[PDB]
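Q: Dropping a structure here in structure tokens format, bear with me for questions.
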Amino acid sequence: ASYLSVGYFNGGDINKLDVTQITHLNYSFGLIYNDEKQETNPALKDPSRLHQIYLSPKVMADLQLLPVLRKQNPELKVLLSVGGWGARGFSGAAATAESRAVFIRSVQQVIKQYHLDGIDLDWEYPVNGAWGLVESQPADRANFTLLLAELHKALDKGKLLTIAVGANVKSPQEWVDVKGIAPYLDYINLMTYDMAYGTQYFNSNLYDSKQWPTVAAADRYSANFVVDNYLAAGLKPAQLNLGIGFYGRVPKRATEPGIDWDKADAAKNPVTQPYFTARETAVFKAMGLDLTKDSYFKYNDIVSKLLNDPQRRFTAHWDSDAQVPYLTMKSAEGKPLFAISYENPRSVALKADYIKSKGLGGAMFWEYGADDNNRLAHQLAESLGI
Ligand SMILES: CC(=O)N[C@H]1[C@H](O[C@H]2[C@@H](O)[C@@H](NC(C)=O)[C@H](O[C@H]3[C@H](O)[C@H]4N=C(N(C)C)O[C@H]4[C@@H]3CO)O[C@@H]2CO)O[C@H](CO)[C@@H](O)[C@H]1O
């Protein structure tokens with residue numbers, strides 16, 4: 001058996017990447033010129049370029065460096081990934097025969113100009129939108145299928161067409177017609193992370209934790225559960241890459257009450273209460289993580305600031321059921337508080353073992369700039385036999 005290792009790089013530096021350890025490199029992000037009224041990026045509002053791909057100056061400069069990287073690994077495939085969390089424009093781009101043709105024409109132009117091997121679409125998310133951050137409509141689901149079918153017909157034979165899809169149970173069931181789009185995609189990147197929300201402690205647990213259990217049923221996610229949901233929806237295992245996050249998250253449960261929305265009196269009667277005080281929030285703020293804005297910490301920052309804290313305020317632990325590491329910090333009363341879960345070489349190796357045991361097509365990871373001296377990608381490549 002052979003396996004993929006599909007590495008994303010958030011470039012929009014790139015020379016520190018060891019591309020000998022991956023089969024595919026996705027450069028992130030291309031954006032989409034769009035007319036969504038809430039768009040705040042002034043560069044995307046050019047009406048003469050509506051529905052085309054926007055490349056910032058840094059993105060253009062980095063894409064021109066790709067022939068250098070190709071020398072280091074002549075087998076490497078390089079794609080541009082368009083979209084990302086918060087990226088507007090897909091709903092409109094996919095909506096009509098006119099808009100789709102503009103977008104496809106732009107994809108073809110970018111692949112030719114920068115000698116890319118293909119394109120990755122990272123739409124977060126069709127139908128659902130994303131809590132007011134991108135426009136959506138129920139027609140997104142059928143329109144996404146049309147866009148991918150028309151992209152497949154337009155792309156030169158052999159160029160790659162891939163997508164990234166969300167962990168949410170509703171993605172294969174309601175948002176994306178996975179059986180309908182499977183004929184058009186070389187592989188599908190499952191974003192099997194970002195689970196440390198609501199009442200769940202862990203961000204990318206492989207299985208459910210018993211020691212640190214998720215309280216509300218609708219929050220009970222694991223990478224295994226996500227894979228099973230896409231398989232049950234009809235995707236074949238060889239077409240799937242299990243996504244691995246080179247980062248961790250402080251769970252929302254540490255700082256926000258957790259709601260079980262299956263309760264009739266849900267909003268006023270939380271089932272979990274926050275356990276961070278201002279003391280713990282200030283510790284993270286002083287290290288660059290403002291928990292009022294976001295909750296993630298890159299793996300290299302976990303290593304430098306948390307695992308190697310001079311005053312050893314963070315203690316590393318292993319959850320044998322979730323198969324991922326986590327850190328605790330001591331409260332003012334000296335009690336352990338669950339601070340952050342993440343991925344380390346041991347847990348990355350167990351996810352590669354899982355890939356092999358299930359016959360998945362490979363691994364994907366987000367993102368290479370957050371690795372610690374390429375150690376997580378190296379472990380992934382070793383465990384997968386890359
Ligand atoms: C809309 C938004 O919030 N934008 C912010 C962006 O936000 C980033 C960031 O939140 C990143 N999170 C992590 C953990 O790195 C996420 O990263 C996510 C990608 O957008 C998704 N796509 C993939 N793929 C395709 C594998 O993984 C997913 C990844 C992890 O959740 O991208 C966003 C951009 O789109 O971050 C920078 C840096 O603080 C901010 O100035 C701001 O631009």
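Here, A, B, ... name the chains of the structure tokens in the order displayed, residue numbers run from 1 inside each chain, and ligands are numbered from 1 in the same displayed order.
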Can you pull out the residues contacting residue 125 in chain A? Cut-off 8 Å, using only C-alpha atoms, and skip same-chain residues under 2 positions away; I want them as a ChimeraX atom specification.

A: /A:123,127-130,134,136,166,175

Q: Grab the residues selected above and save them as a short mmCIF file (atom, residue, chain, number, x, y, z; two decimals), in the first residue's frame with N, CA, C and O atoms.

A:
data_model
loop_
_atom_site.label_atom_id
_atom_site.label_comp_id
_atom_site.auth_asym_id
_atom_site.auth_seq_id
_atom_site.Cartn_x
_atom_site.Cartn_y
_atom_site.Cartn_z
N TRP A 123 -14.23 25.63 0.75
CA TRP A 123 -15.45 26.41 0.91
C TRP A 123 -16.03 26.11 2.29
O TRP A 123 -16.48 24.98 2.54
N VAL A 127 -24.19 25.93 2.01
CA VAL A 127 -25.49 25.78 2.66
C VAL A 127 -25.46 26.37 4.06
O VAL A 127 -26.27 27.25 4.40
N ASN A 128 -24.54 25.89 4.90
CA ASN A 128 -24.50 26.36 6.27
C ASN A 128 -23.99 27.80 6.36
O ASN A 128 -24.41 28.54 7.26
N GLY A 129 -23.10 28.20 5.47
CA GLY A 129 -22.39 29.42 5.73
C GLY A 129 -21.45 29.18 6.90
O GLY A 129 -21.01 28.06 7.15
N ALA A 130 -21.16 30.24 7.63
CA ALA A 130 -20.29 30.05 8.79
C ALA A 130 -20.58 31.18 9.79
O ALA A 130 -19.80 32.12 9.92
N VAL A 134 -19.80 34.10 6.03
CA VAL A 134 -19.88 33.96 4.57
C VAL A 134 -21.34 33.76 4.19
O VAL A 134 -22.12 33.14 4.92
N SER A 136 -24.52 32.19 2.24
CA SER A 136 -24.88 30.84 1.82
C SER A 136 -26.36 30.79 1.46
O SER A 136 -27.13 31.72 1.74
N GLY A 166 -15.70 19.80 6.08
CA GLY A 166 -15.74 20.01 7.51
C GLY A 166 -16.02 18.76 8.31
O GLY A 166 -16.48 17.74 7.80
N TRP A 175 -24.83 19.49 3.49
CA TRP A 175 -24.13 20.60 2.85
C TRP A 175 -23.49 20.23 1.53
O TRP A 175 -23.47 21.04 0.60
#

Q: Mind dumping a table of every chain A residue within 6 Å of ligand 1, with the nearest atom pair and its distance in Å to one decimal, using only C-alpha atoms and all ligand atoms, sorted by chain and rising number, as a tab-separated table?

A:
residue	atom	partner	partner_atom_place_in_ligand_line	distance
A:84	CA	ligand 1	20 (O)	3.6
A:85	CA	ligand 1	35 (O)	3.7
A:86	CA	ligand 1	1 (C)	3.9
A:122	CA	ligand 1	25 (C)	5.2
A:164	CA	ligand 1	25 (C)	5.0
A:191	CA	ligand 1	26 (C)	5.9
A:296	CA	ligand 1	14 (C)	5.4
A:366	CA	ligand 1	26 (C)	5.2

Q: Those residues with N, CA and C atoms, as a CSV table (one decimal), in the first residue's frame please?

A:
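Final output, selection.csv:
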chain,number,residue,atom,x,y,z
A,84,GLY,N,-10.9,29.1,2.5
A,84,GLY,CA,-10.5,29.1,3.9
A,84,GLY,C,-11.6,29.6,4.8
A,85,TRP,N,-11.4,29.5,6.1
A,85,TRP,CA,-12.3,30.0,7.1
A,85,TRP,C,-12.5,31.5,6.9
A,86,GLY,N,-13.8,31.9,6.8
A,86,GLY,CA,-14.1,33.3,6.6
A,86,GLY,C,-14.0,33.8,5.2
A,122,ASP,N,-11.7,25.2,-0.8
A,122,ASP,CA,-11.9,25.2,0.6
A,122,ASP,C,-13.0,26.1,1.0
A,164,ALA,N,-11.6,20.5,0.5
A,164,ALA,CA,-11.5,20.3,1.9
A,164,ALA,C,-13.0,20.3,2.5
A,191,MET,N,-11.3,17.7,7.3
A,191,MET,CA,-10.8,18.6,8.3
A,191,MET,C,-11.2,18.1,9.7
A,296,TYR,N,-6.7,29.0,19.3
A,296,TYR,CA,-5.6,28.1,18.8
A,296,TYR,C,-4.2,28.6,19.2
A,366,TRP,N,-2.7,20.6,8.4
A,366,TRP,CA,-2.8,22.1,8.5
A,366,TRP,C,-2.0,22.5,9.8

Q: Can you list every residue in range 93-284 of chain A that DSSP puts in strand (DSSP E or B), as a list in words?

A: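 Of range 93-284 of chain A, the ones in strand (DSSP E or B) are residues 118, 119, 120, 121, 122, 160, 161, 162, 163, 164, 165, 187, 188, 189, 190, 240, 241, 242, 243, 244, 245, 247, 248, 249, 258 and 272 of chain A.
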
Q: Next, the residues of the selection above should be written as an mmCIF file, in the first residue's frame with N, CA, C and O atoms.

A:
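Saved result, part.cif, follows:
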data_model
loop_
_atom_site.group_PDB
_atom_site.id
_atom_site.type_symbol
_atom_site.label_atom_id
_atom_site.label_comp_id
_atom_site.auth_asym_id
_atom_site.auth_seq_id
_atom_site.Cartn_x
_atom_site.Cartn_y
_atom_site.Cartn_z
ATOM 1 N N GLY A 118 -2.658 21.636 -9.860
ATOM 2 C CA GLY A 118 -4.095 21.573 -9.691
ATOM 3 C C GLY A 118 -4.574 22.621 -8.707
ATOM 4 O O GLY A 118 -3.827 23.517 -8.303
ATOM 5 N N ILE A 119 -5.843 22.481 -8.333
ATOM 6 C CA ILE A 119 -6.525 23.453 -7.491
ATOM 7 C C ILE A 119 -7.268 22.707 -6.391
ATOM 8 O O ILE A 119 -7.806 21.615 -6.618
ATOM 9 N N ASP A 120 -7.284 23.298 -5.199
ATOM 10 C CA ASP A 120 -8.007 22.793 -4.041
ATOM 11 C C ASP A 120 -9.031 23.854 -3.667
ATOM 12 O O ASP A 120 -8.692 25.043 -3.623
ATOM 13 N N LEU A 121 -10.281 23.444 -3.449
ATOM 14 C CA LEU A 121 -11.341 24.372 -3.052
ATOM 15 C C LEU A 121 -11.690 24.138 -1.591
ATOM 16 O O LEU A 121 -11.979 23.008 -1.186
ATOM 17 N N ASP A 122 -11.687 25.221 -0.809
ATOM 18 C CA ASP A 122 -11.852 25.167 0.641
ATOM 19 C C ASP A 122 -13.006 26.110 0.978
ATOM 20 O O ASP A 122 -12.805 27.243 1.414
ATOM 21 N N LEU A 160 -5.022 18.262 -10.939
ATOM 22 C CA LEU A 160 -5.702 17.809 -9.736
ATOM 23 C C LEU A 160 -6.844 18.741 -9.363
ATOM 24 O O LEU A 160 -6.737 19.962 -9.490
ATOM 25 N N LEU A 161 -7.942 18.149 -8.905
ATOM 26 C CA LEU A 161 -9.059 18.894 -8.341
ATOM 27 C C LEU A 161 -9.410 18.227 -7.020
ATOM 28 O O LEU A 161 -9.818 17.060 -7.004
ATOM 29 N N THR A 162 -9.230 18.959 -5.915
ATOM 30 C CA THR A 162 -9.477 18.436 -4.581
ATOM 31 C C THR A 162 -10.309 19.454 -3.810
ATOM 32 O O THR A 162 -10.433 20.610 -4.212
ATOM 33 N N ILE A 163 -10.921 19.005 -2.714
ATOM 34 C CA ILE A 163 -11.643 19.905 -1.822
ATOM 35 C C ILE A 163 -11.343 19.533 -0.383
ATOM 36 O O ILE A 163 -10.925 18.417 -0.074
ATOM 37 N N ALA A 164 -11.571 20.495 0.501
ATOM 38 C CA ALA A 164 -11.545 20.275 1.937
ATOM 39 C C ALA A 164 -12.972 20.322 2.455
ATOM 40 O O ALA A 164 -13.773 21.155 2.010
ATOM 41 N N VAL A 165 -13.295 19.437 3.396
ATOM 42 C CA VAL A 165 -14.639 19.368 3.948
ATOM 43 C C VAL A 165 -14.586 19.347 5.467
ATOM 44 O O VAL A 165 -13.603 18.914 6.081
ATOM 45 N N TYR A 187 -8.984 13.511 -4.635
ATOM 46 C CA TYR A 187 -9.102 13.075 -3.253
ATOM 47 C C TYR A 187 -9.806 14.183 -2.488
ATOM 48 O O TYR A 187 -9.984 15.295 -2.989
ATOM 49 N N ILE A 188 -10.193 13.860 -1.257
ATOM 50 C CA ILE A 188 -10.993 14.741 -0.416
ATOM 51 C C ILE A 188 -10.296 14.865 0.927
ATOM 52 O O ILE A 188 -10.002 13.850 1.567
ATOM 53 N N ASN A 189 -10.022 16.101 1.348
ATOM 54 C CA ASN A 189 -9.291 16.372 2.584
ATOM 55 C C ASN A 189 -10.288 16.605 3.718
ATOM 56 O O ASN A 189 -10.983 17.623 3.733
ATOM 57 N N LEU A 190 -10.361 15.670 4.664
ATOM 58 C CA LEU A 190 -11.275 15.785 5.797
ATOM 59 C C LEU A 190 -10.645 16.647 6.882
ATOM 60 O O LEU A 190 -9.550 16.338 7.367
ATOM 61 N N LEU A 240 -10.083 9.388 0.589
ATOM 62 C CA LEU A 240 -10.107 10.297 1.732
ATOM 63 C C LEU A 240 -8.727 10.483 2.351
ATOM 64 O O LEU A 240 -7.983 9.513 2.536
ATOM 65 N N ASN A 241 -8.403 11.726 2.709
ATOM 66 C CA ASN A 241 -7.249 12.012 3.557
ATOM 67 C C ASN A 241 -7.725 12.461 4.931
ATOM 68 O O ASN A 241 -8.569 13.357 5.041
ATOM 69 N N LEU A 242 -7.173 11.844 5.972
ATOM 70 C CA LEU A 242 -7.468 12.242 7.341
ATOM 71 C C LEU A 242 -6.660 13.486 7.679
ATOM 72 O O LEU A 242 -5.424 13.448 7.659
ATOM 73 N N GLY A 243 -7.352 14.583 7.985
ATOM 74 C CA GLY A 243 -6.661 15.828 8.318
ATOM 75 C C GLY A 243 -6.114 15.818 9.738
ATOM 76 O O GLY A 243 -6.763 15.356 10.678
ATOM 77 N N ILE A 244 -4.904 16.366 9.881
ATOM 78 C CA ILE A 244 -4.178 16.444 11.144
ATOM 79 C C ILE A 244 -3.827 17.907 11.393
ATOM 80 O O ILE A 244 -3.303 18.586 10.503
ATOM 81 N N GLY A 245 -4.132 18.401 12.592
ATOM 82 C CA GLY A 245 -3.862 19.781 12.940
ATOM 83 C C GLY A 245 -2.542 19.938 13.668
ATOM 84 O O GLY A 245 -2.334 19.347 14.727
ATOM 85 N N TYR A 247 -1.509 22.074 15.583
ATOM 86 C CA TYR A 247 -1.862 23.123 16.529
ATOM 87 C C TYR A 247 -2.787 22.508 17.568
ATOM 88 O O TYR A 247 -3.247 21.370 17.425
ATOM 89 N N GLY A 248 -3.049 23.282 18.623
ATOM 90 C CA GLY A 248 -3.987 22.888 19.648
ATOM 91 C C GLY A 248 -4.958 24.019 19.941
ATOM 92 O O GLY A 248 -4.835 25.121 19.402
ATOM 93 N N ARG A 249 -5.943 23.723 20.789
ATOM 94 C CA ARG A 249 -6.908 24.745 21.170
ATOM 95 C C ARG A 249 -7.200 24.696 22.656
ATOM 96 O O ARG A 249 -7.282 23.622 23.257
ATOM 97 N N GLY A 258 -21.182 25.976 28.635
ATOM 98 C CA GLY A 258 -21.531 25.007 27.611
ATOM 99 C C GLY A 258 -23.012 24.693 27.652
ATOM 100 O O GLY A 258 -23.552 24.336 28.698
ATOM 101 N N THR A 272 -22.217 22.918 31.366
ATOM 102 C CA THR A 272 -20.860 23.091 31.862
ATOM 103 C C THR A 272 -20.615 24.565 32.139
ATOM 104 O O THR A 272 -21.200 25.439 31.494
#

Q: Run DSSP on the backbone and give me the residues of range 277-384 of chain A it puts in helix (DSSP H, G or I), as a ChimeraX atom specification.

A: /A:278-285,299-307,345-358,368-370,375-384

Q: For a quick check of understanding, using only C-alpha atoms, which of A:374, A:10, A:341, A:143 has the smallest distance to residue 202 in chain A?

A: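 Among A:374, A:10, A:341, A:143, it is A:341 that comes nearest to residue 202 in chain A.
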
Q: Using only C-alpha atoms, which of A:138, A:257, A:92, A:336 sits nearest residue 52 in chain A?

A: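 Between A:138, A:257, A:92, A:336, the residue approaching residue 52 in chain A most closely is A:92.
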
Q: Using only C-alpha atoms, which residues sit within 12 Å of residue 294 in chain A once same-chain residues fewer than 6 positions away are excluded, as a list in words?

A: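 Once the adjacent positions are removed, what remains is residues 194, 196, 197, 248, 249, 250, 251, 252, 255, 281, 284, 285 and 288 of chain A.
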
Q: Can I get the selected residues back with N, CA, C and O atoms, as a compact mmCIF listing (two decimals), in the first residue's frame?

A:
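Below you can see part.txt, which holds the result:
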# COMPACT_ATOMS: atom_id res chain seq x y z
N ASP A 194 -10.60 20.88 15.10
CA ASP A 194 -11.45 21.98 15.54
C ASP A 194 -12.72 21.45 16.22
O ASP A 194 -13.84 21.84 15.89
N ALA A 196 -12.79 21.36 19.80
CA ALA A 196 -12.77 21.82 21.19
C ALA A 196 -13.71 23.01 21.38
O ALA A 196 -13.32 24.12 21.77
N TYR A 197 -14.98 22.76 21.08
CA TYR A 197 -16.04 23.75 21.16
C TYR A 197 -17.16 23.20 22.02
O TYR A 197 -17.22 22.01 22.32
N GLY A 248 -3.05 23.28 18.62
CA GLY A 248 -3.99 22.89 19.65
C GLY A 248 -4.96 24.02 19.94
O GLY A 248 -4.84 25.12 19.40
N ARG A 249 -5.94 23.72 20.79
CA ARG A 249 -6.91 24.75 21.17
C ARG A 249 -7.20 24.70 22.66
O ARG A 249 -7.28 23.62 23.26
N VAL A 250 -7.34 25.88 23.24
CA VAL A 250 -7.94 26.00 24.57
C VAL A 250 -9.43 25.75 24.38
O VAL A 250 -10.06 26.46 23.59
N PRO A 251 -10.02 24.77 25.05
CA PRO A 251 -11.44 24.48 24.80
C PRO A 251 -12.33 25.65 25.18
O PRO A 251 -12.08 26.35 26.16
N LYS A 252 -13.39 25.86 24.39
CA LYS A 252 -14.36 26.89 24.76
C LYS A 252 -14.93 26.65 26.15
O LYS A 252 -15.29 27.60 26.85
N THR A 255 -13.73 28.79 29.09
CA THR A 255 -14.03 30.22 29.20
C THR A 255 -15.48 30.60 28.94
O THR A 255 -15.84 31.75 29.19
N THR A 281 -6.71 33.35 31.97
CA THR A 281 -6.86 34.07 30.71
C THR A 281 -5.71 35.04 30.50
O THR A 281 -5.21 35.20 29.38
N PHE A 284 -2.51 33.27 29.19
CA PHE A 284 -2.50 33.04 27.75
C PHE A 284 -2.37 34.35 26.97
O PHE A 284 -1.66 34.40 25.96
N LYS A 285 -3.05 35.41 27.43
CA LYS A 285 -2.95 36.70 26.77
C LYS A 285 -1.51 37.20 26.74
O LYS A 285 -1.04 37.73 25.73
N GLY A 288 0.42 35.79 23.82
CA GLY A 288 -0.04 36.08 22.48
C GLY A 288 -1.40 35.52 22.13
O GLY A 288 -1.90 35.81 21.04

Q: Report the distance between CA of residue 312 in chain A and CA of residue 300 in chain A in Å, rounded to one decimal place.

A: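 Spanning CA of residue 312 in chain A to CA of residue 300 in chain A is a straight-line distance of 16.7 Å.
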
Q: So which residues touch residue 103 in chain A within 7 Å, counting only C-alpha atoms, skipping near sequence neighbours fewer than 4 positions away, as a PDB file with C-alpha atoms, in the first residue's frame?

A:
ATOM      1  CA  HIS A  51     -15.876  35.754  -9.184  1.00  0.00           C
ATOM      2  CA  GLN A  52     -12.176  35.532 -10.156  1.00  0.00           C
ATOM      3  CA  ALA A  93     -19.239  32.116  -7.809  1.00  0.00           C
ATOM      4  CA  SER A  99     -20.405  33.050 -12.581  1.00  0.00           C
ATOM      5  CA  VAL A 107      -8.680  28.726 -12.061  1.00  0.00           C
TER       6      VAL A 107
END

Q: Give me the residues near residue 158 in chain A as a PyMOL selection string, where near means some atom within 12 Å (using only C-alpha atoms) and where sequence neighbours in that chain fewer than 4 positions away do not count.

A: chain A and resi 77+116-119+152-154+184-186

Q: Give me, as a PyMOL selection string, all polymer residues having an atom no more than 8 Å from residue 222 in chain A, counting only C-alpha atoms and skipping those fewer than 5 positions away in the same chain.

A: chain A and resi 192-193+195+204-208

Q: Using only C-alpha atoms, can you tell me which of A:213, A:334, A:30, A:362 comes closest to residue 110 in chain A?

A: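 For residue 110 in chain A, the nearest of the candidates is A:30.
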
Q: Could you tell me how far CA of residue 378 in chain A lies from CA of residue 9 in chain A, in Å and to one decimal?

A: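 CA of residue 378 in chain A sits 15.3 Å away from CA of residue 9 in chain A.
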
Q: Quick one: everything within 10 Å of residue 268 in chain A, counting only C-alpha atoms, minus sequence neighbours fewer than 3 positions away in the same chain. Send it as a list in words.

A: residues 257, 259, 264, 265 and 271 of chain A

Q: Could you please determine the separation between CA of residue 57 in chain A and CA of residue 31 in chain A in Å, to one decimal place?

A: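 We find that CA of residue 57 in chain A and CA of residue 31 in chain A lie 12.3 Å from each other.
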
Q: Taking only C-alpha atoms into account, name the residue in A:181, A:261, A:201, A:112 that is nearest to residue 217 in chain A.

A: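 Closest residue, counting only C-alpha atoms: A:261.
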
Q: Can you work out which one of A:221, A:275, A:54, A:3 has the shortest atom-to-atom distance to residue 335 in chain A, counting only C-alpha atoms?

A: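 Between A:221, A:275, A:54, A:3, the residue approaching residue 335 in chain A most closely is A:275.
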